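Each chain, written out:
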Amino acid sequence: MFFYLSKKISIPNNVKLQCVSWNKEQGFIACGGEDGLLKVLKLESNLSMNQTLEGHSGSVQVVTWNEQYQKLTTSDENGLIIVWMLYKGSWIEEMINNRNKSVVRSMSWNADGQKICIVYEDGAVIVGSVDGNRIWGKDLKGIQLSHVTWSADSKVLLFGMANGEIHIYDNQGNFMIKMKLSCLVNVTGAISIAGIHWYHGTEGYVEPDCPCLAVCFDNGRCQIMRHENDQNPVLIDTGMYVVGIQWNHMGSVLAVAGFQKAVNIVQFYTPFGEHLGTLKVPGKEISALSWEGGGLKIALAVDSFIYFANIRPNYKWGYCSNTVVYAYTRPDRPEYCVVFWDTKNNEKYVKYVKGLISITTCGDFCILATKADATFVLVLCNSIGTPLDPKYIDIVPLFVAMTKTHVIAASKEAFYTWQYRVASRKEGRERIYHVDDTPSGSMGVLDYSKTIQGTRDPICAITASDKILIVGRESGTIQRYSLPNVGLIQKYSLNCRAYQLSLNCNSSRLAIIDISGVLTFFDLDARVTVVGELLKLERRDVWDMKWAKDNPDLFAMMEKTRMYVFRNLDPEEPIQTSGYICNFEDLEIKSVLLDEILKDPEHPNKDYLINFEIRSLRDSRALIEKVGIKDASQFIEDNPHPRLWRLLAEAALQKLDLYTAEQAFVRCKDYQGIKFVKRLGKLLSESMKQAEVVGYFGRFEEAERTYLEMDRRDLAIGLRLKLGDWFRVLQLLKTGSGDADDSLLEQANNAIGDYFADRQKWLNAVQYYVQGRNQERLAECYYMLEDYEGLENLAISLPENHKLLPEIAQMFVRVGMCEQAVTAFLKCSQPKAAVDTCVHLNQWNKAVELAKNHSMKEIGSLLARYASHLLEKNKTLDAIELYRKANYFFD
Amino acid sequence: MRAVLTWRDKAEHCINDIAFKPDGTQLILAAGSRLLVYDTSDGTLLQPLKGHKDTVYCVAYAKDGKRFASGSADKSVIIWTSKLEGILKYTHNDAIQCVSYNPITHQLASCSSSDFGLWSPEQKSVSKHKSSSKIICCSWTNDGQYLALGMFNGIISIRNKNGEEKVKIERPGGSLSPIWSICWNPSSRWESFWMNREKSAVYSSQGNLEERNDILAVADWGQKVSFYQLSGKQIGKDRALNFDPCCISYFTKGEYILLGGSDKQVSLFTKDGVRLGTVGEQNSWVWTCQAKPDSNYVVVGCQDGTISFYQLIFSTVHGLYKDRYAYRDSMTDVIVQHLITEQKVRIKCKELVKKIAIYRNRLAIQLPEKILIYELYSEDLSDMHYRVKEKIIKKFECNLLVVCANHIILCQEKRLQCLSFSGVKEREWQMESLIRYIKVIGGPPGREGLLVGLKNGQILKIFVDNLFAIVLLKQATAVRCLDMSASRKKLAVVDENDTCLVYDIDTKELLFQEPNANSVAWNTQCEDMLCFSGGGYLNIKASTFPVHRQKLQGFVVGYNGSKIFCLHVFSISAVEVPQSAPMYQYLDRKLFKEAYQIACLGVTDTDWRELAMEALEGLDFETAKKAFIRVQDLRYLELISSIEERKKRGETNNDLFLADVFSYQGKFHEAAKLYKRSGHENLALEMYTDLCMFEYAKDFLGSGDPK
Amino acid sequence: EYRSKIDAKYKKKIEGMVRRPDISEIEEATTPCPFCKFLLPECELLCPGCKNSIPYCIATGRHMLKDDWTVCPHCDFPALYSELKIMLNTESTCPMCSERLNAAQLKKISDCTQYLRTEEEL
Ligand SMILES: [Zn+2]
Ligand SMILES: [Zn+2]
């Protein structure tokens, strides 16, 4: 959550602006003038600079967009309401109305745009449909109005009096209770509202019952209340004559525009009342706010200027393995939707999470800090979303710092350390420390009495490398503990309050981005006579940073709209980009455009992943381009690094030098490359080597096409067979001829059957295993599919003896088909089991018949004692039934 | 349905009316001349309020938890406040029959035998309006805009806040059917209006409707309950009763109705008026049948003076078959939810669904008087168009219900009875002690298998097409939550000690025990996987390995592929099984084929690579090839192909292959040791000269100097 | 599909071999590839070393060898000199071209680079 002024639009003739309304769906900005001026603008510098001067003498006061149906509405100081529609790329007046009694104090469209309420000063209220008077125009009472607002369901319609009273209404002139104002208790003078905004949940709510409606008064005190509350987030501001209120598009930030006595200010708050910053706009006086559609830009009216401020929100994102994790709220479901977009395979993995305090990543893992119904949860997840381990902890996971093999969840007064891995699975050693505890070298286990003591210097940020833990506190003091066994090593007492901290791989220095965005560097181990020292690299508008996983000196940062890379305090040329550094490694920066993704969270394009190469790699690549491999090789040898060596080797392989490539592979100590080059040199044909090298880089389709073009279906088939593309093998085997195509196609069909069966996709593997000739797996597919007719057909199609027939007969016995099981066993030539199943399944007729045939004669005693047991149970009828079945008719 | 009596306490006079504090902390009665204040949690009488001089007839809070009124036979109304002190008072010309508070504006409305009076909190006098006859009921609308007065003439006068009669609803019969109770449906947006709350001075007296969707429940003394709209039109037909009603009310969200009166009992009804069951059976007329503001608790005060506090408990009625899960919604509907596509389907039964059984293309619903049999007809895996196949009209008594293709199974005591879909009875099996569990285990359409467990501890398998039970096991303690492995080769039992015992069904031998199980589910797709929940913790076993337990709210209903399905308070939920833990457990035991079988259920790519490399080091080239294919590493795939062809041509040394694998990962030292052990130091020398590690090549110059 | 079609004289033999399986099979000898000297099975024609198809001896069907090379003077097809010489003892015509071919017409070729030239680079 950072913010900085970015642009300015000077309205001609220096007329004062009294209202700015940024259309949310379309990037239209409507500006009201002090001398009848009304302008419609659009960015990308303006595109649709328009002067909708039709009518509107005097001044222009209220301006409201209709969003859906895209209808602007505007009013004068003379009561002339005008509704404008976009026709032929220009704004023409569509409707004109004029009530000749007073001045329109406010106007507001419904949550669906079908209904509009307009409130005058004399108390008259006119509610219209999109075309005419919808229901009523009420004259109310002896009251002077200033505001109007609908509810989410458009049922209540709460006004605002001139004297400072909000009145809750019915969607008609039916007066329900007056609102109970809890924010103002000690005020004494007259109070005016000057700002009311109800976040009609249209992008979801940050919390399932978060405060939505927001009321402020010109004195400076605000209340962020849900529906008609009685207890509610109260806020005090030093905003003299607060000028406006504007919720975010997601209702997660509230912007309060005013000016202190002291000078213009646009403060920002969370829905729960947490402060976030201050903008300090120039000019004489602010007049209105308006967020963009995406909440990234805010336009605010100061005198004859529309100042634009760029906003960096607090996205819940992370990068684990090749997966970008990003979370967002949506209107339909009441819980966060977290997409584990795996960039390697362009796959998505949508999870739904209730609390989701934070998302943190490190290595191929991701900690989701959430709030449960053991009150808070830290879900340790894979890179594809599967929760490996939900760990329930009690302290609030306000700040989560995740190192490989450690997770530190810190509230404002304590931190909890949990080892979730070993350099390789859970070896949980959970500990909790109060900030003022000064733990010794090692130790109490899971003692939770330390999280209730309370502190006067709360935690503001935390970070942890593989060796140390740095807790930043609200006074600027940072505390350094030894991570594997938490023990207070040092306190440093920096200058400014920390917002973000990062440690290089050496854990020798710490980058600190304060609350105001200023980036500084601290050197922990650099002892001056003191313990640590600053480094004199203060930057101004930094909002993101990342050290190398390889080089302690290498650093990357984002300032406003440019990325800088530092090699020990020496910046390079900026790169125009607006992205978040996913990874900094091997002279390469992988970043993603979250601003673009979160506008279409369902379909993240691969075009939003951008890779940059730092000066060394770009220089080496360009020098390889300009001069031949021979000289760039010498240059790279002068400045050696494994990434450059691999680049040189791959360039040589592309050129098929096979000598510079081998040397550069030796430099990388890459035995795979050395062996591949030796095998390639043993090969004795060009366009054979070219196919080999285009297979080396993973262009499998290119290699296959290359093999086909040189009239080698054999090697294309071999390449597809080394891989698992068996469908490709079937497609290729359809055309031409081969040395052994029946066996190859049978192998392909069996392999596809296995491919479908390993994924529990029978009735697809059953399609194969039949064109191919597989029996053992086909019986399993029939069994799991419960296609017992297919099992019977398979068993009668097998030869007289087989290793599979007994298994089929066992399957039949389990399911209960006595006849098919008996036939299968007799095919196996196992009459003993064929009669044991008849006994087991109580088919005594068949048992006695098979005993007579195959000469066992041991079933007479079986029947005798079975009937004896039945008689012992007084079930004489059952005994008669068996004796009839077994043809023992005499008994 | 089941109601448990939390506490019962008897007063010395008939209980006329009751009221709940909106927080639910305490309740207030009207017994004789005093107002008894009880604590809802326990029933301990706090204070008898002693303001009135005659019998108290009515009481009601202000929906704000700050005041409550009470009118009495002394022709007076006293407004008390919280902390139980009388602060305001006024009088009528007759005994006050009932008093109510406006849900929004706190405008008190107190009726009497001749007139009704309205009083706003800020008003300085009571506005009295005459009435046609004796009023007995008051009911403010949810938005607080209209007031319904039921009268002894069998007439409801619906009036505005001023007192003008907006509409008049005339119950058939006139004075034949006095209107003794009314209640507005409390289900609206205004229900949440007051969920975020935070010297007796006598008061003087001063003498569209079409688009609105409001329902007034009316309890007449012609023994009927009607539902009227605000426009006077009736909703549906009447519901004939055989008792005089004296109290009609609603739950918190207006989903169920409470009805008491001349019958010495209290009954729960659907919001449409279909009877669901009995709440309590009393010894006198129930004069009031209110319900706790935000819970299932109900309180019943009768003429005997008895006050009873029941907690209503609703039983989960559901069935699940593989990827389909049917449950009971709103006590009269059946919701069939697909566990893959999540395409829910609702089936309206208009009657209290007692039991549900589901099966492939079959859905049995036991209504109180009949069983409905539903079928699927389209041959689509995601088909969700259930049509009625049969209606077995018979008052059925059964402990359990099961449904099979072309059959229905009823468990009743020791009788396991098998009926056709037309109601014909085909077979019957007599059991040993008592049938505790039953479950279809698949089979041919008309020849399916059933898995039965008994309180005897004996576990049997019964085939629908034959008259004999096959004995599977004779356990020691009772049986509960039987389940069978996907291959029908393993059984899993819970035996009243939460001890999940797993048996090998063919050798009668048990494989392992677990000490905490309330529900067991075998993986329908992976045979080795097992799941069991008990004690608030999930558990996932892979073969005879340790468990990977989570925390859980609910009990396990199913386990399909890689998803657990658990039920928590009628809400289904899916838990994503971590396949990596069983994968690594199989890997550490050097079991590569089984590790691959577990991995195929879904893991990341790093786990796939780890399994591939561990297979390579373990010299299982088939599983290594398959895992590498799922990672598509042409380098390692070509290495494995080269090793396979070298093995094919005759090379049968298992240390050369491991040396090559080590050299190819990058060990360069263990590979050299393996090369030397396998009798090839020349290959180690070649590796070290190729890597230009000539200081190590001096070590493997074993041959000497023959060039 | 092929059942009930084996010759009645041989159904007994086929069922006898299947009923008592005999996995005993003598391994086929390996011979060098003519291009890269890679040892591959005699009847395998695609060399896994150079990925090149190997010409087949028109006398045995085995892949060609450098040290036993020859060609019929008529059809110019490759053949194994020893194998073609032995087979010509009982056949008076070339197996491939069906032309009159005697033993004397075979000349052992020492330089077979003409037939081992890849078509792409030639
Ligand atoms: Zn070769
Ligand atoms: Zn010839």
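- In the PDB archive, cryo-EM is given as the structure determination method for this entry, at a resolution of 3.7 Å.

- The name recorded for chain C in the PDB entry is WD repeat-containing protein 19, from Homo sapiens.

- Per the PDB entry, chain A is named WD repeat-containing protein 35, and its organism is Homo sapiens.
- In its Function (literature references left out) section, UniProt records this for chain A: "As a component of the IFT complex A (IFT-A), a complex required for retrograde ciliary transport and entry into cilia of G protein-coupled receptors (GPCRs), it is involved in ciliogenesis and ciliary protein trafficking. May promote CASP3 activation and TNF-stimulated apoptosis."

### A closer look at the overall build of chain A
Right, on to step 1. Looking only at helices and strands, one finds 19 helices and 55 strands in chain A.
Right, on to step 2. Over its C-alpha trace chain A gives a radius of gyration of 38 Å, far above what one expects of a compact globule, namely 29 Å for 891 residues.
Right, on to step 3. Reported as C-alpha extents along the three principal axes, the dimensions of chain A are approximately 115 × 90 × 70 Å.

### Remarks on the interface of chain B and chain A
Right, on to step 1. Contacts between the two partners involve 65 residues from chain B and, on the opposite side, 67 residues from chain A.
Right, on to step 2. Roughly 5900 Å² is buried in total at the junction of chain B and chain A, and carbon and sulfur atoms are behind 52% of that figure.
Right, on to step 3. In this structure, the connection of chain B to chain A is made through eight salt bridges.
Right, on to step 4. Among the ionic pairs, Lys 351 of chain A bridges to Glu 576 of chain B, the shortest N-O distance being 2.6 Å.
Right, on to step 5. Where chain B meets chain A, there are 16 residue pairs in polar contact.
Right, on to step 6. Among the elements that line the side of chain B that touches chain A, the one with the most residues is helix α5 (residues 634-649) of chain B, at six residues.

### Considering the coordination of the zinc ion (ligand 2)
All names here are of chain C.
Right, on to step 1. Each protein donor to the zinc ion (ligand 2) is listed here as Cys 72 (SG), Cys 75 (SG), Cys 94 (SG) and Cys 97 (SG); together their distances run 2.3 Å.
Right, on to step 2. Geometry at the zinc ion (ligand 2) is tetrahedral, judged from its four donor atoms and the angles of 104 to 113° they form at the metal.
Right, on to step 3. The sequence motif formed by the donor residues of the zinc ion (ligand 2) is C-x2-C-x18-C-x2-C.
Right, on to step 4. We classify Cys 97 as partly exposed; its relative accessible area is 24%.

### Focus on the pattern of salt bridges
Right, on to step 1. Going through the model one piece at a time under the given rule, you end up with 71 salt bridges over all chains.
Right, on to step 2. A salt bridge links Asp 122 of chain A to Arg 99 of chain A; its shortest N-O distance comes to 2.4 Å. You can see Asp 122 of chain A sitting in the loop between β11 (115-120) and β12 (125-129) and its partner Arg 99 of chain A sitting in the loop between β9 (90-98) and β10 (104-109), a full 23 residues away along the chain.
Right, on to step 3. Classification of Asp 122 of chain A as partly exposed rests on a relative accessible area of 30%.
Right, on to step 4. In this structure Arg 99 of chain A comes out as partly exposed when scored by relative accessible area, which is 22%.
Right, on to step 5. A salt bridge links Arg 62 of chain C to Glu 42 of chain C, with the nearest nitrogen and oxygen atoms 3.1 Å apart.

### Re the state of the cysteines
Residues and elements named next belong to chain B.
Right, on to step 1. Per the stated rule, a full pass over the model turns up one disulfide over all chains.
Right, on to step 2. Note that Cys 247 is cross-linked by a disulfide to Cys 289, the S-S spacing being 2.0 Å. Its S-S torsion of about -95° marks the bond between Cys 247 and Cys 289 as left-handed, since a negative value means left-handed. Separated by 42 residues along the polypeptide, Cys 247 in strand β24 (residues 245-250) and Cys 289 in the loop between β28 (286-288) and β29 (297-302) bring together distant segments of the chain. A single burial state applies to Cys 247 and to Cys 289, both of which are buried.
Right, on to step 3. In this structure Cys 14 is a free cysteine whose sulfur lies 9.7 Å from that of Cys 302, the closest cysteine sulfur available.
Right, on to step 4. This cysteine, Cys 531, is not joined by any disulfide, and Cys 566 carries the nearest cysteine sulfur, 6.2 Å off.
Right, on to step 5. According to the relative accessible area criterion, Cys 531 is buried, its value standing at 0%.

### What to know about the sheet that holds strand β47 (residues 519-523) of chain A
Residues and elements named next belong to chain A.
Right, on to step 1. With respect to topology, four strands assemble into an open sheet ordered β45-β46-β47-β48, the strand pairing being antiparallel. Edge positions in the sheet fall to β45 (498-503) and β48 (533-534), since each of these pairs with one other strand and no more.
Right, on to step 2. Where β45 and strand β46 (residues 509-514) come together, five bridges link them in antiparallel fashion. Each residue of the ladder has a partner; that of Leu 501, found in β46, is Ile 512.

### Description of the coordination of the zinc ion (ligand 1)
Residue and element names in this part refer to chain C.
Right, on to step 1. Distances from the zinc ion (ligand 1) to its protein donors, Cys 33 (SG), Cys 36 (SG), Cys 47 (SG) and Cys 50 (SG), fall within 2.3 Å.
Right, on to step 2. Around the zinc ion (ligand 1) sit four donor atoms, and with donor-metal-donor angles ranging over 103 to 115° the site reads as tetrahedral.
Right, on to step 3. Linear spacing of the donor residues for the zinc ion (ligand 1) on their chain is C-x2-C-x10-C-x2-C. On the criterion of sequence distance, the pair formed by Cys 33 in the loop between β1 (30-32) and β2 (39-41) and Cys 50 in the loop between β2 and β3 (69-71) is long-range, its members being 17 residues apart.
Right, on to step 4. Since its relative accessible area comes to 2%, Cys 50 is described here as buried.

### Things to note about the nonpolar core
Right, on to step 1. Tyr 326 and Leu 653 of chain A are the most contacted members of the largest nonpolar core, which has 136 residues in total.
Right, on to step 2. Top contributing element to this core by residue count: helix α4 (residues 642-655) of chain A, with eight residues.
Right, on to step 3. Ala 765, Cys 781 and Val 839 of chain A together with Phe 468 of chain B belong to the second largest nonpolar core, which has 59 residues in total.

### Side note on the packing of aromatic side chains
Residues and elements named next belong to chain A.
Right, on to step 1. Under the definition given, this model contains 59 aromatic pairs over all chains.
Right, on to step 2. Aromatic side chains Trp 547 and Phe 555 sit 4.6 Å apart centroid to centroid with 75° between the ring planes, which places their arrangement in the edge-to-face category. Of the two residues, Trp 547 and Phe 555, both sit in the buried class.
Right, on to step 3. Ring plane angle 25° and centroid distance 6.5 Å describe the contact between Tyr 883 and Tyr 888, whose orientation is recorded as stacked.
Right, on to step 4. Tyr 883 sits in the buried class, given a relative accessible area of 16%.

### Here we look at unusual backbone geometry
Residue and element names in this part refer to chain A.
Right, on to step 1. Despite not being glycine, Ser 154 has its phi angle at roughly 65°, a positive value.
Right, on to step 2. Note that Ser 154 resides in the loop between β14 (145-150) and β15 (157-161).
Right, on to step 3. Unlike most non-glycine residues, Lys 536 shows phi in positive territory, near 60°.
Right, on to step 4. Looking at the element boundaries, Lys 536 is found in the loop between β48 and β49 (542-547).

### Here we look at the side chain of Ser 21 of chain A
Residue and element names in this part refer to chain A.
Right, on to step 1. Of note, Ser 21 is situated in strand β2 (residues 17-22).
Right, on to step 2. Residue classification places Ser 21 among the buried positions, given a relative accessible area of 13%.
Right, on to step 3. In contact with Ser 21, not counting residues within four places along its chain, are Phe 28, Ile 29, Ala 30, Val 63, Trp 65 and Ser 290.

### Some thoughts on the pairing of strand β37 (residues 370-376) of chain B
Note on strand geometry: in a regular strand, side chains alternate between the two faces of the sheet.
Residue and element names in this part refer to chain B.
Right, on to step 1. With seven of seven residues buried, β37 is to be regarded as a mostly interior element.
Right, on to step 2. Remark: three residues form the turn of the hairpin made by strand β36 (residues 362-366) and β37, two consecutive strands paired antiparallel.
Right, on to step 3. Bridge count for β37 against strand β38 (residues 386-393) is seven bridges, and the pairing is antiparallel. Paired with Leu 376 across the two strands is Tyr 386, which belongs to β38.

### Here's the deal with the packing of helix α7 (residues 670-677) of chain B against helix α8 (residues 681-690) of chain B
A pair of packed helices is captured by two measures, namely the crossing angle of their axes and the spacing between those axes.
All names here are of chain B.
Right, on to step 1. Two elements in contact, α7 and α8, have axes whose closest approach is 7 Å; the angle formed by their N-to-C orientations is 150°. The angle between the axes of α7 and α8 places the two elements in the roughly antiparallel class. Contacts between α7 and α8 pair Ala 671, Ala 672, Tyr 675 and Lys 676 from the former with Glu 681, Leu 683, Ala 684, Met 687 and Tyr 688 from the latter.

Cut-off values and rules
- Residues numbered from 1 in each chain as written, not as in the entry; some residues may be left out.
- Chains lettered and ligands numbered in written order.
- Part of a larger assembly, values for the part shown.
- Heavy atoms only, no water.
- Residues with missing side-chain atoms left out of burial classes, pairs and counts.
- UniProt positions renumbered as here; feature names shortened; annotations may be inferred.
- Helix = DSSP H or I, 4+ residues; strand = E, 2+ residues; numbered from the N terminus.
- Rg over C-alpha atoms; globule rule 2.2 N^0.38 Å.
- Contact = heavy atoms within 4.5 Å.
- Buried area = accessible area lost by both parts, 1.4 Å probe.
- Salt bridge = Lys/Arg side-chain N within 4 Å of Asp/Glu carboxyl O.
- Polar contact = N/O pair within 3.5 Å; in protein donor to acceptor, adjacent residues only side chain to side chain.
- Donors = N, O, S within 2.8 Å, 3.2 Å for Na, K, Ca; no water.
- Tetrahedral: all angles 85-135°; square planar, octahedral: opposite > 155°, others 65-115°.
- Buried < 20%, exposed > 50% of the residue type's maximum accessible area, 1.4 Å probe, protein only.
- Disulfide = S-S within 2.5 Å.
- Pairing = 2+ DSSP bridges.
- Core = buried A, V, L, I, M, F, W, Y, C linked by side-chain atoms within 4.5 Å.
- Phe/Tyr/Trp six-rings, centres within 6.5 Å; stacked < 30°, edge-to-face > 60°.
- Axes fitted to C-alpha atoms, helices over the stretch in contact; angles between N-to-C directions.
- Parallel < 35°, antiparallel > 145°, perpendicular 65-115°, else oblique.

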